[PDB]
$ cat my_file06.pdb   # PDB, C-alpha atoms and all ligand atoms
MODEL        1
ATOM      1  CA  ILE A  24     -62.342 104.015  49.874
ATOM      2  CA  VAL A  25     -59.686 106.722  50.194
ATOM      3  CA  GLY A  26     -58.483 107.638  53.672
ATOM      4  CA  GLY A  27     -60.412 104.860  55.381
ATOM      5  CA  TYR A  28     -59.470 101.984  57.644
ATOM      6  CA  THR A  29     -59.485  98.217  57.374
ATOM      7  CA  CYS A  30     -63.000  97.239  58.638
ATOM      8  CA  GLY A  31     -61.969  93.834  59.942
ATOM      9  CA  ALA A  32     -63.183  90.500  58.637
ATOM     10  CA  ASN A  33     -67.015  90.232  58.578
ATOM     11  CA  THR A  34     -67.609  93.363  60.685
ATOM     12  CA  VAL A  35     -69.898  94.731  57.928
ATOM     13  CA  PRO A  36     -71.997  91.615  57.432
ATOM     14  CA  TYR A  37     -74.467  93.160  54.951
ATOM     15  CA  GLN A  38     -71.728  94.148  52.468
ATOM     16  CA  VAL A  39     -71.696  92.168  49.250
ATOM     17  CA  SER A  40     -69.349  92.006  46.347
ATOM     18  CA  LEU A  41     -70.875  91.773  42.853
ATOM     19  CA  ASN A  42     -68.657  89.532  40.750
ATOM     20  CA  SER A  43     -68.667  88.999  36.947
ATOM     21  CA  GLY A  44     -65.311  87.136  36.957
ATOM     22  CA  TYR A  45     -63.920  89.946  39.131
ATOM     23  CA  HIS A  46     -65.253  92.359  41.762
ATOM     24  CA  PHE A  47     -66.910  95.308  40.083
ATOM     25  CA  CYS A  48     -69.432  96.775  42.524
ATOM     26  CA  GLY A  49     -70.642  96.638  46.079
ATOM     27  CA  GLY A  50     -74.134  96.045  47.330
ATOM     28  CA  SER A  51     -76.170  95.538  50.494
ATOM     29  CA  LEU A  52     -78.070  92.472  51.550
ATOM     30  CA  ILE A  53     -81.592  93.643  52.601
ATOM     31  CA  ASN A  54     -83.100  90.214  53.243
ATOM     32  CA  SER A  55     -82.139  86.607  52.596
ATOM     33  CA  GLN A  56     -82.905  86.813  48.849
ATOM     34  CA  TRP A  57     -82.406  90.474  47.788
ATOM     35  CA  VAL A  58     -79.509  92.843  47.319
ATOM     36  CA  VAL A  59     -79.662  96.549  46.631
ATOM     37  CA  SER A  60     -76.917  98.172  44.554
ATOM     38  CA  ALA A  61     -76.511 101.114  42.147
ATOM     39  CA  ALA A  62     -78.219 101.030  38.778
ATOM     40  CA  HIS A  63     -74.883 102.013  37.212
ATOM     41  CA  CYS A  64     -73.610  98.579  38.428
ATOM     42  CA  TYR A  65     -76.141  96.774  36.158
ATOM     43  CA  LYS A  66     -74.850  93.955  33.983
ATOM     44  CA  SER A  67     -75.965  90.381  33.186
ATOM     45  CA  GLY A  68     -74.085  87.404  34.705
ATOM     46  CA  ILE A  69     -73.766  88.686  38.276
ATOM     47  CA  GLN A  70     -72.641  86.407  41.082
ATOM     48  CA  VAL A  71     -73.276  87.894  44.524
ATOM     49  CA  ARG A  72     -70.516  87.157  47.061
ATOM     50  CA  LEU A  73     -71.565  87.404  50.646
ATOM     51  CA  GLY A  74     -69.399  86.987  53.724
ATOM     52  CA  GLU A  75     -66.331  88.409  52.023
ATOM     53  CA  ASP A  76     -63.322  90.085  53.544
ATOM     54  CA  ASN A  77     -60.383  89.263  51.203
ATOM     55  CA  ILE A  78     -62.078  89.039  47.753
ATOM     56  CA  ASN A  79     -59.067  87.175  46.394
ATOM     57  CA  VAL A  80     -58.833  84.384  49.001
ATOM     58  CA  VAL A  81     -61.454  81.878  50.134
ATOM     59  CA  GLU A  82     -61.383  82.424  53.938
ATOM     60  CA  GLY A  83     -64.358  80.228  54.827
ATOM     61  CA  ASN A  84     -67.339  82.497  55.555
ATOM     62  CA  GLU A  85     -68.282  83.139  51.921
ATOM     63  CA  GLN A  86     -71.590  82.387  50.180
ATOM     64  CA  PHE A  87     -71.563  82.665  46.385
ATOM     65  CA  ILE A  88     -75.048  82.905  44.897
ATOM     66  CA  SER A  89     -76.007  83.739  41.309
ATOM     67  CA  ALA A  90     -78.486  86.513  40.571
ATOM     68  CA  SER A  91     -81.836  85.283  39.127
ATOM     69  CA  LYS A  92     -83.202  88.727  38.261
ATOM     70  CA  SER A  93     -81.977  92.322  38.253
ATOM     71  CA  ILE A  94     -84.402  95.244  38.387
ATOM     72  CA  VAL A  95     -83.037  98.686  37.669
ATOM     73  CA  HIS A  96     -85.207 101.557  38.888
ATOM     74  CA  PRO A  97     -87.793 102.426  36.237
ATOM     75  CA  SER A  98     -86.703 106.093  36.211
ATOM     76  CA  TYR A  99     -82.902 105.594  36.340
ATOM     77  CA  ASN A 100     -81.181 108.137  34.113
ATOM     78  CA  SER A 101     -77.614 107.089  33.234
ATOM     79  CA  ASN A 102     -76.661 110.676  32.199
ATOM     80  CA  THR A 103     -77.665 112.387  35.496
ATOM     81  CA  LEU A 104     -77.442 109.268  37.725
ATOM     82  CA  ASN A 105     -80.856 110.237  39.138
ATOM     83  CA  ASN A 106     -82.544 107.137  40.670
ATOM     84  CA  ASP A 107     -79.211 105.235  40.811
ATOM     85  CA  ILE A 108     -80.646 102.123  42.473
ATOM     86  CA  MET A 109     -81.182  98.522  41.456
ATOM     87  CA  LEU A 110     -82.458  95.362  43.088
ATOM     88  CA  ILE A 111     -80.926  91.937  42.566
ATOM     89  CA  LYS A 112     -82.738  88.748  43.471
ATOM     90  CA  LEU A 113     -80.566  85.755  44.510
ATOM     91  CA  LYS A 114     -81.310  82.322  42.920
ATOM     92  CA  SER A 115     -81.478  80.907  46.448
ATOM     93  CA  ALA A 116     -81.700  82.468  49.894
ATOM     94  CA  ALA A 117     -78.500  83.257  51.779
ATOM     95  CA  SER A 118     -77.885  81.540  55.126
ATOM     96  CA  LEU A 119     -77.954  84.398  57.652
ATOM     97  CA  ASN A 120     -75.554  84.338  60.641
ATOM     98  CA  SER A 121     -73.466  86.919  62.594
ATOM     99  CA  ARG A 122     -71.100  87.308  59.532
ATOM    100  CA  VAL A 123     -73.829  87.400  56.785
ATOM    101  CA  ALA A 124     -76.724  89.581  57.807
ATOM    102  CA  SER A 125     -79.293  91.848  56.265
ATOM    103  CA  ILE A 126     -79.314  95.627  56.854
ATOM    104  CA  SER A 127     -82.656  97.331  57.687
ATOM    105  CA  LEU A 128     -84.272  99.810  55.328
ATOM    106  CA  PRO A 129     -84.861 103.248  56.837
ATOM    107  CA  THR A 130     -88.243 104.435  58.189
ATOM    108  CA  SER A 131     -86.920 108.071  58.149
ATOM    109  CA  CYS A 132     -84.452 110.010  56.031
ATOM    110  CA  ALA A 133     -81.217 110.802  57.869
ATOM    111  CA  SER A 134     -80.426 114.477  58.636
ATOM    112  CA  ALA A 135     -77.302 116.378  57.737
ATOM    113  CA  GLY A 136     -74.628 115.891  60.447
ATOM    114  CA  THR A 137     -75.556 112.191  60.975
ATOM    115  CA  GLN A 138     -72.397 109.979  61.009
ATOM    116  CA  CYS A 139     -72.473 107.038  58.614
ATOM    117  CA  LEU A 140     -70.305 104.070  57.715
ATOM    118  CA  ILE A 141     -69.354 103.628  54.069
ATOM    119  CA  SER A 142     -67.551 100.466  52.992
ATOM    120  CA  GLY A 143     -66.143  98.834  49.940
ATOM    121  CA  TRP A 144     -63.228  97.362  48.008
ATOM    122  CA  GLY A 145     -62.698 100.368  45.701
ATOM    123  CA  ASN A 146     -59.608 102.367  44.943
ATOM    124  CA  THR A 147     -57.715 103.712  47.975
ATOM    125  CA  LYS A 148     -55.870 106.547  46.052
ATOM    126  CA  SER A 149     -57.070 110.095  44.920
ATOM    127  CA  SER A 150     -54.261 109.939  42.299
ATOM    128  CA  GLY A 151     -53.338 106.629  40.657
ATOM    129  CA  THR A 152     -54.753 103.220  41.446
ATOM    130  CA  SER A 153     -54.425 100.776  44.346
ATOM    131  CA  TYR A 154     -57.183  98.237  44.894
ATOM    132  CA  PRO A 155     -57.285  96.583  48.293
ATOM    133  CA  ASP A 156     -58.144  92.939  48.674
ATOM    134  CA  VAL A 157     -59.815  93.484  52.106
ATOM    135  CA  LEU A 158     -62.875  95.530  52.954
ATOM    136  CA  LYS A 159     -62.251  99.213  53.752
ATOM    137  CA  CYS A 160     -64.441 101.414  55.925
ATOM    138  CA  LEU A 161     -64.952 105.148  56.309
ATOM    139  CA  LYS A 162     -66.910 107.113  58.851
ATOM    140  CA  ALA A 163     -68.360 110.243  57.300
ATOM    141  CA  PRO A 164     -71.131 112.686  58.027
ATOM    142  CA  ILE A 165     -74.051 113.502  55.746
ATOM    143  CA  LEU A 166     -73.578 117.076  54.443
ATOM    144  CA  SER A 167     -76.292 119.746  54.302
ATOM    145  CA  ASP A 168     -78.265 119.853  50.994
ATOM    146  CA  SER A 169     -77.014 123.491  50.505
ATOM    147  CA  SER A 170     -73.281 122.455  50.867
ATOM    148  CA  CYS A 171     -73.948 119.489  48.495
ATOM    149  CA  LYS A 172     -75.658 121.797  45.886
ATOM    150  CA  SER A 173     -72.799 124.342  46.223
ATOM    151  CA  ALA A 174     -70.207 121.582  45.535
ATOM    152  CA  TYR A 175     -72.106 120.264  42.452
ATOM    153  CA  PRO A 176     -74.177 123.104  41.005
ATOM    154  CA  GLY A 177     -77.081 121.918  38.838
ATOM    155  CA  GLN A 178     -76.380 118.204  39.514
ATOM    156  CA  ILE A 179     -77.971 117.277  42.851
ATOM    157  CA  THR A 180     -81.523 115.972  42.752
ATOM    158  CA  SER A 181     -83.817 115.315  45.700
ATOM    159  CA  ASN A 182     -82.777 111.621  45.307
ATOM    160  CA  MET A 183     -79.143 112.307  46.190
ATOM    161  CA  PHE A 184     -77.173 113.434  49.222
ATOM    162  CA  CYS A 185     -73.557 114.278  49.858
ATOM    163  CA  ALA A 186     -71.469 112.711  52.571
ATOM    164  CA  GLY A 187     -67.832 113.108  53.383
ATOM    165  CA  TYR A 188     -65.405 115.942  53.920
ATOM    166  CA  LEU A 189     -65.220 119.211  52.010
ATOM    167  CA  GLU A 190     -61.433 119.345  52.903
ATOM    168  CA  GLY A 191     -60.889 116.184  50.766
ATOM    169  CA  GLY A 192     -58.709 113.178  51.650
ATOM    170  CA  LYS A 193     -61.524 110.830  52.713
ATOM    171  CA  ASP A 194     -64.171 109.493  50.304
ATOM    172  CA  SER A 195     -65.547 106.525  48.403
ATOM    173  CA  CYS A 196     -64.152 105.859  44.943
ATOM    174  CA  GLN A 197     -64.297 103.666  41.794
ATOM    175  CA  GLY A 198     -65.051 100.079  42.864
ATOM    176  CA  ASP A 199     -67.100 101.187  45.914
ATOM    177  CA  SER A 200     -70.041 101.833  43.551
ATOM    178  CA  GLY A 201     -73.298 100.281  44.759
ATOM    179  CA  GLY A 202     -72.054  99.832  48.354
ATOM    180  CA  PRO A 203     -73.718 100.865  51.529
ATOM    181  CA  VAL A 204     -73.918 104.051  53.513
ATOM    182  CA  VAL A 205     -75.251 102.916  56.915
ATOM    183  CA  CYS A 206     -76.371 105.387  59.577
ATOM    184  CA  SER A 207     -77.728 104.327  62.967
ATOM    185  CA  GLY A 208     -78.022 100.698  61.750
ATOM    186  CA  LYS A 209     -80.120 101.580  58.662
ATOM    187  CA  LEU A 210     -79.195 101.711  54.972
ATOM    188  CA  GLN A 211     -79.412 105.425  54.033
ATOM    189  CA  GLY A 212     -77.330 105.542  50.912
ATOM    190  CA  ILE A 213     -75.792 103.827  47.955
ATOM    191  CA  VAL A 214     -72.332 104.800  46.615
ATOM    192  CA  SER A 215     -73.298 106.560  43.366
ATOM    193  CA  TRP A 216     -70.859 109.196  42.041
ATOM    194  CA  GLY A 217     -68.483 112.070  42.608
ATOM    195  CA  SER A 218     -65.892 114.182  40.784
ATOM    196  CA  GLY A 219     -62.706 112.164  41.170
ATOM    197  CA  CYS A 220     -62.162 110.818  44.663
ATOM    198  CA  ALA A 221     -61.328 112.615  47.895
ATOM    199  CA  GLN A 222     -60.948 115.958  46.079
ATOM    200  CA  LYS A 223     -61.346 119.276  47.963
ATOM    201  CA  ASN A 224     -64.983 120.614  47.754
ATOM    202  CA  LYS A 225     -66.085 117.426  45.852
ATOM    203  CA  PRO A 226     -67.660 115.065  48.372
ATOM    204  CA  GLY A 227     -69.267 111.770  47.520
ATOM    205  CA  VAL A 228     -72.838 111.697  46.189
ATOM    206  CA  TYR A 229     -75.094 108.881  47.303
ATOM    207  CA  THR A 230     -78.522 107.651  46.295
ATOM    208  CA  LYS A 231     -81.039 108.642  48.978
ATOM    209  CA  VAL A 232     -82.476 105.216  49.888
ATOM    210  CA  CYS A 233     -85.277 106.618  52.132
ATOM    211  CA  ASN A 234     -87.036 107.899  48.937
ATOM    212  CA  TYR A 235     -87.132 104.338  47.505
ATOM    213  CA  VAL A 236     -88.453 102.242  50.435
ATOM    214  CA  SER A 237     -91.989 101.854  49.000
ATOM    215  CA  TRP A 238     -90.588 100.869  45.560
ATOM    216  CA  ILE A 239     -88.211  98.351  47.187
ATOM    217  CA  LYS A 240     -90.906  96.784  49.344
ATOM    218  CA  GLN A 241     -93.500  96.569  46.540
ATOM    219  CA  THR A 242     -90.885  95.157  44.130
ATOM    220  CA  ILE A 243     -89.723  92.484  46.604
ATOM    221  CA  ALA A 244     -93.335  91.542  47.395
ATOM    222  CA  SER A 245     -94.153  90.762  43.699
ATOM    223  CA  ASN A 246     -90.870  89.290  42.385
TER
HETATM  224  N1  LIG B   1     -67.344 109.288  46.149
HETATM  225  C1  LIG B   1     -66.726 109.457  44.985
HETATM  226  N2  LIG B   1     -65.904 110.448  44.828
HETATM  227  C2  LIG B   1     -66.938 108.486  43.909
HETATM  228  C3  LIG B   1     -67.851 107.472  44.102
HETATM  229  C4  LIG B   1     -68.079 106.540  43.135
HETATM  230  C5  LIG B   1     -67.437 106.696  41.942
HETATM  231 BR1  LIG B   1     -67.710 105.464  40.533
HETATM  232  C6  LIG B   1     -66.601 107.741  41.680
HETATM  233  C7  LIG B   1     -66.386 108.668  42.662
HETATM  234 CA    CA B   2     -62.892  85.704  50.319
ENDMDL
END
$ encode --input "my_file06.pdb" --output "structure tokens"
Amino acid sequence: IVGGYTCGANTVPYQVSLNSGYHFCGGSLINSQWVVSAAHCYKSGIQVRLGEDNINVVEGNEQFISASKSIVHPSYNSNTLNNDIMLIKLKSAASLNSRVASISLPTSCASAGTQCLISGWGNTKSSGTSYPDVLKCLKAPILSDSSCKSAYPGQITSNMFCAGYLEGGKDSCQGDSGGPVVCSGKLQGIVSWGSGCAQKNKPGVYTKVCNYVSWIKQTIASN
């Protein structure tokens, strides 16, 4: 997250860190046994880390649970990043509390101009590299589909939205991949892609979770 703020320990209780010997992606806890992330975050050997603030220190609220199964969307296209969503099942259910909590799926798609919270442990610089150890937050609005399509001609599908600031300076970035975009207490987006980070006229692009609710619910019900 570039141009964000330190969230505060366990203030974003649905945030997870995907760990394969190191943090590599975010995710969102959607019930006691399932995480949603980006399909581009797929790999085998995932450990889900819940309750994290400093990903380098054991602070005492963590739960570390191995993935039993990963399901990448059947129509994910790694060239276009269309359908950039994946489900991870935990080997055992998480213990839910005020610091480890599920985030609700949306019943409605969020409108342009809605303010959302994006979070993650990704790079904090638009130029060069600085990875924070503690969770970073950013408040950003969803942009109109026309401003999103004008920023990324020929690249925005109906399964994507833009959020952020056309002026630059404030965005998600590498390492925030798979993390949540939460609006009005519902998961609306997944950190998916963008051109650089925090560049002028190049906002973040996020998977539009409201289009996937039936797939998520039917997948969870049968797996
Ligand atoms: N929001 C962005 N600019 C961004 C997000 C994820 C990745 Br990976 C790269 C760029
Ligand atoms: Ca920790």
$ resolve_selection --input "my_file06.pdb" --expression "the PyMOL selection byres (((chain A and resi 124) around 6) and not hetatm)" --output "MDAnalysis selection string"
chainID A and resid 36:37 119 123 125
$ atom_distance --input "my_file06.pdb" --atom1 "atom CA of residue 106 of chain A" --atom2 "atom CA of residue 136 of chain A"
23.0 Å
$ closest_atom_pairs --input "my_file06.pdb" --of "chain A" --to "ligand CA 2 (chain B)" --cutoff "6 Å" --atoms "only C-alpha atoms and all ligand atoms" --output "tab-separated table"
residue	atom	partner	partner_atom	distance
A:75	CA	B:CA2	CA	4.7
A:76	CA	B:CA2	CA	5.5
A:77	CA	B:CA2	CA	4.4
A:78	CA	B:CA2	CA	4.3
A:79	CA	B:CA2	CA	5.7
A:80	CA	B:CA2	CA	4.5
A:81	CA	B:CA2	CA	4.1
A:82	CA	B:CA2	CA	5.1
$ write_last_selection --input "my_file06.pdb" --atoms "C-alpha atoms" --output "PDB file, keeping the file's coordinate frame"
ATOM      1  CA  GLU A  75     -66.331  88.409  52.023  1.00  0.00           C
ATOM      2  CA  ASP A  76     -63.322  90.085  53.544  1.00  0.00           C
ATOM      3  CA  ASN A  77     -60.383  89.263  51.203  1.00  0.00           C
ATOM      4  CA  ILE A  78     -62.078  89.039  47.753  1.00  0.00           C
ATOM      5  CA  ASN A  79     -59.067  87.175  46.394  1.00  0.00           C
ATOM      6  CA  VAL A  80     -58.833  84.384  49.001  1.00  0.00           C
ATOM      7  CA  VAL A  81     -61.454  81.878  50.134  1.00  0.00           C
ATOM      8  CA  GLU A  82     -61.383  82.424  53.938  1.00  0.00           C
TER       9      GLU A  82
END
$ residues_near_ligand --input "my_file06.pdb" --ligand "ligand LIG 1 (chain B)" --cutoff "10 Å" --atoms "all atoms listed in the file" --output "PyMOL selection string"
chain A and resi 24-25+48+61+63-64+141+145-146+149+185-187+191+193-202+213-222+225-229
$ residues_around --input "my_file06.pdb" --residues "residue 69 of chain A" --least-positions-apart "5" --cutoff "12 Å" --atoms "only C-alpha atoms" --output "PyMOL selection string"
chain A and resi 39-50+58+60+64+87-93+110-114
$ atom_distance --input "my_file06.pdb" --atom1 "atom CA of residue 183 of chain A" --atom2 "atom CA of residue 148 of chain A"
24.0 Å
$ atom_distance --input "my_file06.pdb" --atom1 "atom CA of residue 128 of chain A" --atom2 "atom CA of residue 237 of chain A"
10.2 Å
$ residues_around --input "my_file06.pdb" --residues "residue 142 of chain A" --least-positions-apart "5" --cutoff "7 Å" --atoms "all atoms listed in the file" --output "PyMOL selection string"
chain A and resi 158-161+202-203
$ write_last_selection --input "my_file06.pdb" --atoms "C-alpha atoms" --output "mmCIF file, in the coordinates of the input"
data_model
loop_
_atom_site.group_PDB
_atom_site.id
_atom_site.type_symbol
_atom_site.label_atom_id
_atom_site.label_comp_id
_atom_site.auth_asym_id
_atom_site.auth_seq_id
_atom_site.Cartn_x
_atom_site.Cartn_y
_atom_site.Cartn_z
ATOM 1 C CA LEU A 158 -62.875 95.530 52.954
ATOM 2 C CA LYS A 159 -62.251 99.213 53.752
ATOM 3 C CA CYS A 160 -64.441 101.414 55.925
ATOM 4 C CA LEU A 161 -64.952 105.148 56.309
ATOM 5 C CA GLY A 202 -72.054 99.832 48.354
ATOM 6 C CA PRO A 203 -73.718 100.865 51.529
#
$ closest_residue --input "my_file06.pdb" --among "A:52, A:236, A:179, A:243" --to "residue 103 of chain A" --atoms "all atoms listed in the file"
A:179
$ closest_residue --input "my_file06.pdb" --among "A:151, A:239, A:224, A:192" --to "residue 170 of chain A" --atoms "all atoms listed in the file"
A:224
$ closest_residue --input "my_file06.pdb" --among "A:85, A:156, A:107, A:190" --to "residue 230 of chain A" --atoms "all atoms listed in the file"
A:107
$ closest_residue --input "my_file06.pdb" --among "A:31, A:177, A:155, A:129" --to "residue 206 of chain A" --atoms "all atoms listed in the file"
A:129
$ closest_residue --input "my_file06.pdb" --among "A:135, A:210, A:62, A:244" --to "residue 100 of chain A" --atoms "all atoms listed in the file"
A:62
$ closest_residue --input "my_file06.pdb" --among "A:38, A:131, A:167, A:120" --to "residue 235 of chain A" --atoms "all atoms listed in the file"
A:131
$ decode --input "my_file06.pdb" --residues "segment 29-63 of chain A" --atoms "N, CA and C atoms" --output "mmCIF file, in the first residue's frame"
data_model
loop_
_atom_site.group_PDB
_atom_site.id
_atom_site.type_symbol
_atom_site.label_atom_id
_atom_site.label_comp_id
_atom_site.auth_asym_id
_atom_site.auth_seq_id
_atom_site.Cartn_x
_atom_site.Cartn_y
_atom_site.Cartn_z
ATOM 1 N N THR A 29 -0.865 3.150 8.878
ATOM 2 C CA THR A 29 -0.772 1.938 9.679
ATOM 3 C C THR A 29 -2.163 1.626 10.226
ATOM 4 N N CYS A 30 -2.727 0.482 9.919
ATOM 5 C CA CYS A 30 -4.130 0.136 10.299
ATOM 6 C C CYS A 30 -4.273 0.157 11.809
ATOM 7 N N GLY A 31 -3.299 -0.414 12.486
ATOM 8 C CA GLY A 31 -3.377 -0.780 13.897
ATOM 9 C C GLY A 31 -3.592 -2.265 14.046
ATOM 10 N N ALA A 32 -2.965 -2.843 15.041
ATOM 11 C CA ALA A 32 -2.996 -4.287 15.258
ATOM 12 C C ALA A 32 -4.450 -4.760 15.326
ATOM 13 N N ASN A 33 -4.754 -5.733 14.448
ATOM 14 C CA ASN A 33 -6.007 -6.532 14.451
ATOM 15 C C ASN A 33 -7.245 -5.656 14.301
ATOM 16 N N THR A 34 -7.113 -4.521 13.652
ATOM 17 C CA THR A 34 -8.258 -3.675 13.281
ATOM 18 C C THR A 34 -8.929 -4.118 11.983
ATOM 19 N N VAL A 35 -8.308 -5.035 11.249
ATOM 20 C CA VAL A 35 -8.830 -5.536 9.977
ATOM 21 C C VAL A 35 -8.822 -7.032 10.190
ATOM 22 N N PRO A 36 -9.773 -7.570 10.934
ATOM 23 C CA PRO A 36 -9.657 -8.927 11.452
ATOM 24 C C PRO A 36 -9.860 -10.045 10.443
ATOM 25 N N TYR A 37 -10.351 -9.687 9.260
ATOM 26 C CA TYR A 37 -10.562 -10.620 8.142
ATOM 27 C C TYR A 37 -9.330 -10.708 7.243
ATOM 28 N N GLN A 38 -8.330 -9.902 7.458
ATOM 29 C CA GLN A 38 -7.153 -9.898 6.562
ATOM 30 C C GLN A 38 -6.365 -11.159 6.863
ATOM 31 N N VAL A 39 -5.885 -11.814 5.822
ATOM 32 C CA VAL A 39 -4.955 -12.928 6.046
ATOM 33 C C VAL A 39 -3.717 -12.670 5.237
ATOM 34 N N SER A 40 -2.686 -13.344 5.706
ATOM 35 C CA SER A 40 -1.408 -13.386 4.961
ATOM 36 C C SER A 40 -1.250 -14.819 4.471
ATOM 37 N N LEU A 41 -0.988 -14.962 3.178
ATOM 38 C CA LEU A 41 -0.648 -16.276 2.581
ATOM 39 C C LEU A 41 0.868 -16.392 2.660
ATOM 40 N N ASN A 42 1.322 -17.488 3.207
ATOM 41 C CA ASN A 42 2.743 -17.695 3.504
ATOM 42 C C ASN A 42 3.195 -19.026 2.880
ATOM 43 N N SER A 43 4.269 -18.942 2.100
ATOM 44 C CA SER A 43 4.957 -20.141 1.540
ATOM 45 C C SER A 43 6.422 -20.089 1.957
ATOM 46 N N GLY A 44 6.680 -19.797 3.224
ATOM 47 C CA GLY A 44 8.017 -19.545 3.779
ATOM 48 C C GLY A 44 8.302 -18.068 3.866
ATOM 49 N N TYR A 45 7.344 -17.278 3.410
ATOM 50 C CA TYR A 45 7.394 -15.801 3.391
ATOM 51 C C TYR A 45 5.999 -15.350 2.973
ATOM 52 N N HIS A 46 5.655 -14.114 3.340
ATOM 53 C CA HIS A 46 4.391 -13.509 2.892
ATOM 54 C C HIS A 46 4.442 -13.339 1.389
ATOM 55 N N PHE A 47 3.437 -13.743 0.668
ATOM 56 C CA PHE A 47 3.427 -13.425 -0.758
ATOM 57 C C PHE A 47 2.117 -12.869 -1.289
ATOM 58 N N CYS A 48 1.042 -12.964 -0.519
ATOM 59 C CA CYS A 48 -0.251 -12.478 -0.973
ATOM 60 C C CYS A 48 -1.129 -12.267 0.236
ATOM 61 N N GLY A 49 -2.106 -11.408 0.040
ATOM 62 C CA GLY A 49 -3.185 -11.248 1.027
ATOM 63 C C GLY A 49 -4.331 -12.141 0.689
ATOM 64 N N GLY A 50 -5.336 -12.093 1.548
ATOM 65 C CA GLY A 50 -6.591 -12.797 1.359
ATOM 66 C C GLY A 50 -7.599 -12.314 2.383
ATOM 67 N N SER A 51 -8.804 -12.837 2.254
ATOM 68 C CA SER A 51 -9.904 -12.459 3.182
ATOM 69 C C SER A 51 -10.532 -13.714 3.703
ATOM 70 N N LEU A 52 -10.765 -13.730 4.991
ATOM 71 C CA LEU A 52 -11.445 -14.856 5.633
ATOM 72 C C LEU A 52 -12.969 -14.686 5.464
ATOM 73 N N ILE A 53 -13.649 -15.595 4.802
ATOM 74 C CA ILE A 53 -15.100 -15.399 4.524
ATOM 75 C C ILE A 53 -15.947 -16.339 5.352
ATOM 76 N N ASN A 54 -15.364 -17.325 5.984
ATOM 77 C CA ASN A 54 -16.024 -18.049 7.087
ATOM 78 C C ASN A 54 -14.916 -18.757 7.831
ATOM 79 N N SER A 55 -15.253 -19.607 8.775
ATOM 80 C CA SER A 55 -14.200 -20.210 9.608
ATOM 81 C C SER A 55 -13.260 -21.132 8.845
ATOM 82 N N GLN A 56 -13.589 -21.527 7.627
ATOM 83 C CA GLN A 56 -12.769 -22.554 6.939
ATOM 84 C C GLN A 56 -12.358 -22.127 5.537
ATOM 85 N N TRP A 57 -12.706 -20.935 5.096
ATOM 86 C CA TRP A 57 -12.470 -20.523 3.688
ATOM 87 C C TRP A 57 -11.930 -19.127 3.617
ATOM 88 N N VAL A 58 -10.963 -18.979 2.733
ATOM 89 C CA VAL A 58 -10.319 -17.719 2.370
ATOM 90 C C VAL A 58 -10.521 -17.459 0.895
ATOM 91 N N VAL A 59 -10.748 -16.219 0.566
ATOM 92 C CA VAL A 59 -10.763 -15.802 -0.847
ATOM 93 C C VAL A 59 -9.517 -14.965 -1.098
ATOM 94 N N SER A 60 -8.909 -15.173 -2.267
ATOM 95 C CA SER A 60 -7.696 -14.445 -2.646
ATOM 96 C C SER A 60 -7.785 -14.276 -4.163
ATOM 97 N N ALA A 61 -6.717 -13.816 -4.762
ATOM 98 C CA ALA A 61 -6.585 -13.668 -6.221
ATOM 99 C C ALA A 61 -6.074 -14.996 -6.785
ATOM 100 N N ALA A 62 -6.605 -15.326 -7.937
ATOM 101 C CA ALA A 62 -6.070 -16.491 -8.679
ATOM 102 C C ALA A 62 -4.585 -16.318 -8.990
ATOM 103 N N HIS A 63 -4.121 -15.107 -9.211
ATOM 104 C CA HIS A 63 -2.689 -14.949 -9.535
ATOM 105 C C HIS A 63 -1.844 -15.266 -8.302
#
